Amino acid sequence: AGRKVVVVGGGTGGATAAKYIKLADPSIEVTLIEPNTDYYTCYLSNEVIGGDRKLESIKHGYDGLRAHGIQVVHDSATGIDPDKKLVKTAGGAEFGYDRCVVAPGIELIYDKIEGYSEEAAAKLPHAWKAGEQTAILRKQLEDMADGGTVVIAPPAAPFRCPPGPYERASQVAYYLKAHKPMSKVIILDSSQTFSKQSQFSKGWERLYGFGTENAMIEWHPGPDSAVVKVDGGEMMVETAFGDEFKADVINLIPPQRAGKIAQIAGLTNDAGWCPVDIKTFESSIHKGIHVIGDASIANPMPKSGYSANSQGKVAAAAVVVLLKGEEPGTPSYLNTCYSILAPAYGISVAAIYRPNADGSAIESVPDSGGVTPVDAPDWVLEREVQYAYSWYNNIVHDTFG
């Protein structure tokens, strides 16, 4: 019917819910509010940083879904307050919505590491949103002195695509070899264990040295080594156990939470992530808004691009049929995060989820999913890189379309 659904945010999650909604029943005018021109991906940016992928490759327009019956008004949302179902944006526009899909991403919390700021980002970069940021870090790695040390500092708790820091360390290490088995990646982490750890370690052993300590990657555990609340353009970071690591390129990855607009609107809870209903992704706080995967609390679904896409669908379907018809049904969601470690070595973790029993509770269907077995043969590791690319090419087409 002639409905307006407003989708705030037009990245993986937002875009997926936008097109699939228009797609699902073309009489609904779907407006997609997004501050900017281009979507730079981040799910394969570390390959730009490693040097094999041009930054051009991960830039993507809205022309696709736009020319698909979606009005892409480039503007930042500013407020949203329900009751009288309006959405306001930094320049004077208020769009009425019958239902709204908020998909803002991660707000990074600079504060948490005293020394770091919004303006420190430009010199010591978290490339955890991509574009410009990925380029800074690439310039710094191209600019590093052979011998130069790079440190990478994972937050902990919930962050976006967990193997991210370690695939970055692999990609970086992959490059550094350009500067002679003479350089070093140092990861100062906030956690005891980590995602696809044994496969990551086996990989590192195999490629960049690792037990050898005539090795190019060093992993330093956590909470101790959690790079806290100090770093400075003296080019030093200081962990929570007070050691000082001086390094030529440091990449601080700050703690994250639901994007800002989710906080203005009232969608976050105690943790600073938005509570959603697992069947339809409608907010358990304000009705008529659906928040998707990053900014939402989705039981073990890792905060990833894939998860965003899936949820996007469950959302798209959930609203459109709920919007103007009847009772939506049950869903299945899926995730797999891929990590390429060297052009020929790739691993993956994959999982299938289902509304476990009844109500809110997403639980992986038992006996399924997993990550590339550690005893994987050459062909698996070699093939997976190609299936990683394929996953990329396909998901950025499924999504903007």
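Quick note: we count residues from 1 along the sequence shown, nothing fancier.
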| property | result |
| --- | --- |
| Residue stretch of maximal mean CA temperature factor, 245 to 253 vs 122 to 130 | 245 to 253 |
| Segment of higher mean CA temperature factor, 316 to 324 or 132 to 140 | 316 to 324 |
| C-alpha B-factor winner, where the candidates are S201, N214, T78, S307 | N214 |
| Residue with highest C-alpha B-factor in the PDB entry, from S225, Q311, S170, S195 | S195 |
| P158 - Cα temperature factor, lowest/middle/highest third of chain | middle |
| Chain-wide C-alpha B factor ranking for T330, given as lowest, middle or highest third | highest |
| Chain third (lowest, middle, highest) by recorded CA B-factor, residue given as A342 | middle |
| Among modelled residues of the same chain, the CA temperature factor third for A265 | lowest |
| Third of the chain, ranked by Cα B-factor, where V371 sits | lowest |
